[PDB]
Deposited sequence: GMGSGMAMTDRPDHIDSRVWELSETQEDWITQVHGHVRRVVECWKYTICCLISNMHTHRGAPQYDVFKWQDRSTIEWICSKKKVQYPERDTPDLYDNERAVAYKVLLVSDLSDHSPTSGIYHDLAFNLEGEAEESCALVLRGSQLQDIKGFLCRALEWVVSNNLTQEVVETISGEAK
């Protein structure tokens, strides 16, 4: 119930307070999957992109409190291109049977194999896809090693 090898220490520690995991069914898997998404965000943005996913806002929320204007919106994209374009990272079962979740938060969909959707592949450079496909290959190894295939597929659905 602790962290896997392929997940960075930085990412796992960062993921703890972002969501109440024990509350959720397959809470540990759910946490690991979100850590995949966040890692892909880092890989894509390693600057063109700001990674909004799991960003510290407490200082911002604090300033809004003192001026009573408006707290920052919860519904944030995972990352934002400064083209002025927002993106959300998805993990899917079928690139084929895929439809866009938002026309504003554009989807960057991937297989568990690490295969990008057609639009997603255009955005990325080959350098970035190889890291993501390389990273998600390590992830899937851990998935089968713990026989957690069904839990992950369900969590994707």
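Point to revise | Deposited-sequence ranges lacking C-alpha coordinates, in sequence order | key: Missing from the model are residues 1 to 8, 55 to 61, 98, 174 to 177.
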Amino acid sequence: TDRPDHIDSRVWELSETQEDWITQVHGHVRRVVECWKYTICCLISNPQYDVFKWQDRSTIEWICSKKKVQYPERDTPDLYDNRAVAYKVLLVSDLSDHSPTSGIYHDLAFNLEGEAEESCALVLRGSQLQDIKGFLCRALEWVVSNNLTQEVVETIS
From here on, numbers count along this sequence of modelled residues.
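Check your understanding: Where do the C-alpha atoms have the higher mean temperature factor in this entry, in 51 to 59 or in 87 to 95?
Key -> Taking the mean C-alpha B-factor of 51 to 59 and of 87 to 95, the larger value falls to 51 to 59.
**Study point:** Entry-level comparison of average CA B-factors, 129 to 137 and 5 to 13, reporting the higher stretch
**Key:** Result: 5 to 13.
Check your understanding: Which of these, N111, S119, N46, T39, has its C-alpha atom at the highest B-factor, as the entry lists it?
Key -> Across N111, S119, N46, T39, the entry lists the biggest C-alpha B-factor for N46.
Review point. What third of its chain's C-alpha B-factors does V29 belong to: lowest, middle or highest?
Key: Its C-alpha B-factor, which the entry lists for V29, ranks in the middle third among residues of this chain.
Practice item. Classify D78 as lowest, middle or highest third according to the C-alpha B-factor given in the PDB entry, relative to its own chain. Key: Bottom third by C-alpha B-factor.
**Study point:** Assigned third (lowest, middle, highest) for the C-alpha B factor of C64
**Key:** Answer is highest: the recorded C-alpha B-factor places it there.
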